[PDB]
Amino acid sequence: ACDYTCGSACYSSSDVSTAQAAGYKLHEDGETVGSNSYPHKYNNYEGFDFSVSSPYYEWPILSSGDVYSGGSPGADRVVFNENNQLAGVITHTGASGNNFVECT
Ligand SMILES: Nc1nc2c(ncn2[C@@H]2O[C@H](CO)[C@@H](O)[C@H]2OP(=O)(O)O)c(=O)[nH]1
């Protein structure tokens, strides 16, 4: 059940999969939502060791289980590439500034 732990938020494989599908879809159609225009390029400034090739894109995953639609994105993100492969699940929770830490 608790496949990904972002601070206090708990996400299953299904939650991540659903969010990723939604984010990849908007990416494919060239659409964005929210004040920060998601999904958008994730440059991996943090230098996480992803097993899949770039380019990466960040998209909000909501603890409520809802699919992001432009409102408040929260602290967590799913990262995917052009092949719709999951690079990882990251969060602002437990990090300084606008930096990210990986969910475990
Ligand atoms: N922390 C962080 N920000 C990134 C990265 N790639 C792009 N950004 C964007 O660069 C800026 C400074 O962090 C923000 O606009 C941020 O977008 P988000 O705020 O949407 O994540 C990344 O790999 N890490």
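Sequence positions in the sequence shown follow PDB author numbering and run 1 to 104.
C-beta atoms are modelled at their ideal positions from N, C-alpha and C, and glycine is treated no differently.
**OP:** To the nearest angstrom, report how far apart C6 and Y68 are at their CA atoms.
**Re:** Separation of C6 and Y68 (C-alpha to C-alpha, rounded to the nearest whole angstrom) is 17 Å.
Subject >> Cβ neighbours of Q85 in the same chain (closer than 6 Å, five flanking residues each side left out) >> reply: Only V52 meet the Cβ criterion.
Original post:
What span of residues does the beta strand (DSSP E) with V89 cover, start to end?
Top reply: Counted as a single uninterrupted DSSP element, the beta strand (DSSP E) harbouring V89 occupies residues 86-91.
Original post:
Of all the alpha helix (DSSP H) runs that stay within the bounds of the segment 11-94, which reach a length of 4 or more residues?
Top reply: With a minimum length of 4 residues, the continuous alpha helix (DSSP H) runs that stay inside the segment 11-94 are 13-29.
**OP:** Alpha carbon to alpha carbon, how far is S37 from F100? Give it in angstroms, no decimals.
**Re:** Answer to the nearest angstrom: the Cα atoms are 18 Å apart.
Original post:
CA-CA distance, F80 and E31?
Top reply: Cα to Cα, the separation comes out at about 16 Å.
**OP:** Enumerate in chain order the residues of its own chain whose CB-to-CB distance from residue 190 is below 8 Å, with the five nearest sequence positions on each side excluded.
**Re:** This structure cannot speak to residue 190, because the chain is shown only from 1 to 104.
Subject >> Residue range of the unbroken beta strand (DSSP E) whose run includes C6 >> reply: Counting along the chain, the beta strand (DSSP E) containing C6 begins and ends at 4-6.
**OP:** Identify every residue that forms a DSSP beta bridge with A1.
**Re:** DSSP output for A1 lists no bridge partner at all.
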